[PDB]
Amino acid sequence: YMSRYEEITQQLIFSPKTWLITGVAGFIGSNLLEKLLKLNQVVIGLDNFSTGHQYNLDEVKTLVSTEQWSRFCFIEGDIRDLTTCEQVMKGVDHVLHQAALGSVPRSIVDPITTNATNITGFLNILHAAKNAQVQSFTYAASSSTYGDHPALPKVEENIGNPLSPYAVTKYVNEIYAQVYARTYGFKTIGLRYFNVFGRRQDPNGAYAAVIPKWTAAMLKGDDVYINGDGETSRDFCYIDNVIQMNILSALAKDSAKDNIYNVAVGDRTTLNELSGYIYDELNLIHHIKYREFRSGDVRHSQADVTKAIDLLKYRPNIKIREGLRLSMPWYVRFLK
C-alpha cells in the first residue's frame, strides 16, 4: 500500500495541474509521462531525442486513452537553449526535470557536452522555473554524488569526493538548487536515484545499464560480462518507486522541500546474483564471462531511504525480483 501516494494521486485527478517533463522521451521521463496522463494531468514534454526515442512516446500513446493523450503537448527542443526552456514553462505548475546525458564513462570521454547538457541545461530549466513561478521543482540527481564515501548505507548528509565529471554535474545540480532556495526562496527537491530499472530503459548502445544490457545478451545468446570479481553490490530500484517519489516530491509540504532524498529500496544485490536473478526470470519465458573493474566503479552501493519514508511518507513497494518479473516481458516484445 502506497497509502500517501494514493491520496496524492487523488488530489491530482480531482484538481489536475500542468506538468513539465524534460527528457520525456527517455526511460524515466516516459514512465513519468505514462502515469501523469493516466492521472488526467496536462503534460508538456521537452526532449531533444539524444538518448531518448520517438518510439517511447508512441508506446505511451498506446497505453493511455485519447482524451488523456490529447492533454500531452510535445515540444522537440533543447534545455541548452534558454529561450526554449522559457517557452515550455508557460503556465506550468509542476516541473519534473529528467533531461540529461547520464552515464559515468560518457562524462569521462566527453566532459564538455556533458557539462553543457547537465549543468547549463539544468540551470536554464531551474531559472526558467523560478521566473515562471512554478509551484514545485523536482529534479533528477545521482547516487554518484556520494563518491568515495566509504559508509554504508548511504545517508544524504554524508557525501565524499566526486569521482567523475558526471558525479560533478549532478552535485552541481544540488548546489545550485540549495543556492536558489537561499537567494530566491525557490524551494526544490533533488532525487538521488540509485540504479533505476524497468520498461523503456535502453538496452542498446555503448552506455547501456547492466540490467537491460545483460537481458539483451541472454535473449541473443551473447556473452554476459561481469566487470571484475562479481562481488559488486548495487541498490536496484524499479521505476514505479521513482514515479512514486517524483509525485510525492511534486506535492510535498513546504518544509519537505529544499531537500535531497535517496530514491531506492534499501537492498544490496550482488552482480553475481543479479546475473542469476535475470536468467531465471527470462528462462520462465521459454528462450557468463569475467573481465576488468572500471575506473569509477565502486565495490558496494546501498541506500538509506529513512529520510524519504519519514519526510514524504514514502513507501517503496517493489524489490528487485518482482521488478524484473514485471520488466522481462517488455524486453521480449521490444527485442524481437
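Numbering starts at 1 and runs along the sequence shown. In this text, rigid core is short for the largest set of C-alphas that superpose within 1.5 Å between two forms.
Practice item. Could you say which moves further from this form in 7 other deposited structures of this protein, stretch 224-232 or stretch 115-123, by root mean square CA distance after aligning on the core? Key: Higher root mean square deviation of C-alphas in 7 other deposited structures of this protein is shown by 224-232.
**Study point:** Segment of greater CA departure in 7 other deposited structures of this protein, 30-38 or 291-299, core superposed
**Key:** The more displaced stretch in 7 other deposited structures of this protein turns out to be 291-299.
Review point. Quick one: higher average CA temperature factor, 195-203 or 121-129?
Key: Taking the mean C-alpha B-factor of 121-129 and of 195-203, the larger value falls to 195-203.
Point to revise | Which of 45-53 and 276-284 has higher mean CA B factor, as the PDB entry lists it | key: If you average the C-alpha B-factors of 276-284 and of 45-53, the larger mean comes out for 276-284.
Check your understanding: Going by the deposited entry, which of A25, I21, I13, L324 has the highest CA temperature factor?
Key -> Comparing C-alpha B-factors across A25, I21, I13, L324, the top value belongs to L324.
Review point. Among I175, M218, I108, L96, where is the Cα temperature factor highest, going by the PDB entry?
Key: Most elevated C-alpha B-factor of the set, per the entry: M218.
Check your understanding: For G147, does the deposited CA B-factor place it in the lowest, middle or highest third of the chain?
Key -> As the PDB entry reports it, the C-alpha B-factor of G147 lands in the middle third of its chain.
Check your understanding: Comparing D258 with the other modelled residues of its chain, is its CA B-factor in the lowest, middle or highest third?
Key -> Its C-alpha B-factor, which the entry lists for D258, ranks in the lowest third among residues of this chain.
Review point. Comparing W214 with the other modelled residues of its chain, is its CA B-factor in the lowest, middle or highest third?
Key: Its C-alpha B-factor belongs to the highest third of this chain's values.
Exercise for review: Please rank the C-alpha B-factors of the chain's modelled residues and tell me whether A252 sits in the lowest, middle or highest third.
Suggested key: It belongs to the middle third of the chain when residues are ordered by C-alpha B-factor.
Point to revise | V88 - which third its CA temperature factor falls in, relative to the rest of the chain | key: Middle third.
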